[PDB]
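Report on the structure given below.
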Ligand SMILES: OC[C@H]1O[C@@H](O)[C@@H](O)[C@@H](O)[C@@H]1O
Ligand SMILES: OC[C@H]1O[C@H](O)[C@@H](O)[C@@H](O)[C@@H]1O
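Residue numbers (the authors' numbering): 17 to 384.
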């Protein structure tokens, strides 16, 4: 029989620099689920497809015209396995971050355009959105053609009319990384006069990126990015998965990075290795971490959380299309003086949670 002693409890204490806890609002989640009946005339297919009928997940989030806007990854029924459908982005708006008005057709999708060899048939996956102080939204996303996933950039002033600029790493180093399999780009931002905007460091834009390791890149124009490289020209690893912890197979960038008085915070997704990971957590689960970098030297790693701050807790987080579970963190909005987090739930649903700095919740508990 348990005795309920405090010193044996499952608290998960955060360092002072870390965001959280993020509390799921009672009864709210999932906030975006598939809809069977909504059809789209696909300009590639030349017929109507049920574009959000399978799974709706891995979302971007931003602020526009006084509302939270989410662009959600939506998959059709054009194939069975993971990565075998076509991904297109849905559009939804909310004044409370919980109840959304969705558009019935997608806003971003593969088309008869400059990117068709890179985006057909897999489409456009896993967006992250940040905005300049001058009002240009910058989207990082994955192009998927069933051969190589590529990290790419699109821009817009209104979140509807998007210009595709192609792979982020197309141009640098005489095209060395054009064919690099890559994804998950977190541009550096800062809250200025209450609004989260893209932030320059040393006169250039900055992005953390990657799935298997955390890498970095700079840009002068927000579309052509130059990775940081080692002496021999290989990609320079800022940090990597580690034995014994939740972030043991992958350390995959999450939402845009945030410049704070303690340093730059990168919120990211860890995948737990069955062989090398933390056996207190489910093998192969994705659970979220945070890393701190030097404010004056953005590639200089300081520390990371030892335990995830947010992990699968509800049924639709614990299992779904991705059977081993995810809380795949990807969007954040500073809104009404709180932080609204948007995440994929097991590659199937969209969830949200709120960190209120004035009334902070606990982090998700240890299993342990
Ligand atoms: O990018 C191609 C595919 O890569 C897989 O590992 C998953 O991330 C899929 O959701 C994606 O469709
Ligand atoms: O399938 C789990 C997970 O795989 C990748 O590592 C991610 O980039 C996401 O696309 C997806 O949510």
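Every residue gets a Cβ at the ideal spot worked out from N, C-alpha and C, and that includes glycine.
query, result
"Cβ separation of residue 124 and residue 104, assumed to be a contact under 8 Å, to the nearest whole Å", "7 Å"
"Span of the beta strand (DSSP E) around residue 132", "Element bounds for residue 132: not the beta strand (DSSP E) but the alpha helix (DSSP H), 132 to 135."
"Residue range of the unbroken beta strand (DSSP E) whose run includes residue 180", "179 to 183"
"Closer than 6 Å: residue 363 CB and nearest ligand 2 heavy atom", "yes"
"Residue 95 - containing alpha helix (DSSP H), residue span", "Neither: residue 95 is in no alpha helix (DSSP H) and is coded neither H nor E."
"Secondary structure of residue 190, DSSP reduced to three states", "helix"
"Heavy atom of ligand 1 within 6 Å of residue 270 beta-carbon", "no"
"Contact check, residue 321 vs residue 305, beta carbons under 7 Å", "yes"
"Chain-order list of residues whose beta-carbon lies under 7 Å from that of residue 207 (same chain, five-residue window excluded)", "350"
"Sequence-distant residues of its chain with Cβ nearer than 6 Å to residue 265 (five each side left out)", "257, 287, 289"
"Rounded C-alpha distance that separates residue 143 from residue 330", "24 Å"
"Opposing strand residues paired with residue 244 [DSSP bridges]", "The partner list for residue 244 (beta bridge, DSSP) is empty, contrary to what the question assumes."
"Contact the segment 105 to 115 vs the segment 66 to 85: 3+ CB pairs below 8 Å", "yes"
"Three-state class that DSSP yields for residue 381 in the structure shown", "coil"
"Residues bridged to residue 165 [DSSP beta-bridge criterion]", "160"
"Rounded C-alpha distance that separates residue 165 from residue 24", "45 Å"
"Buried or exposed by the 16-neighbour rule on C-beta atoms within 10 Å, applied to residue 130", "exposed"
"Euclidean distance between Cα positions of residue 239 and residue 184", "6 Å"
"CB of residue 379 within 7 Å of CB of residue 344, strictly", "no"
"Where the beta strand (DSSP E) containing residue 365 begins and where it ends", "365 to 371"
"For residue 7, the nearest candidate out of 338, 263, 299 (CA to CA)", "Nothing in the structure corresponds to residue 7, since the chain is present only between 17 and 384."
"Continuous beta strand (DSSP E) assignments of at least 3 residues falling wholly in the segment 307 to 345", "313 to 320"
"Sub-7 Å separation of residue 270 and residue 346 beta-carbons", "yes"
"Proximity below 7 Å, CB of residue 232 to CB of residue 254", "yes"
"Whole-number beta carbon distance between residue 179 and residue 138, since they are thought to touch under 8 Å", "Residue 138 to residue 179, Cβ: 20 Å. No contact."
"Secondary structure of residue 235, DSSP reduced to three states", "strand"
"Whole-angstrom distance between residue 354 and residue 127, CA atom to CA atom", "37 Å"
"Spatial distance of residue 141 from residue 160 (CA atoms)", "7 Å"
"Three-state class that DSSP yields for residue 23 in the structure shown", "helix"
"Cβ-heavy atom distance, residue 210 to ligand 4, below 6 Å", "Ligand 4 is not part of the structure shown, which contains ligand 1 and ligand 2 as its ligands."
"Bridge-paired residues (DSSP) for residue 348", "357"
"Cβ pair residue 214, residue 276 closer than 7 Å", "no"
"DSSP three-state assignment for residue 63, whether helix, strand or coil", "strand"
"Residues that DSSP places opposite residue 285 in a beta bridge", "268, 304"
"Distance cut-off 6 Å: residue 351 Cβ against heavy atoms of ligand 2", "no"
"Residue 59 burial status per 10 Å Cβ neighbour count (16 or more: buried)", "exposed"
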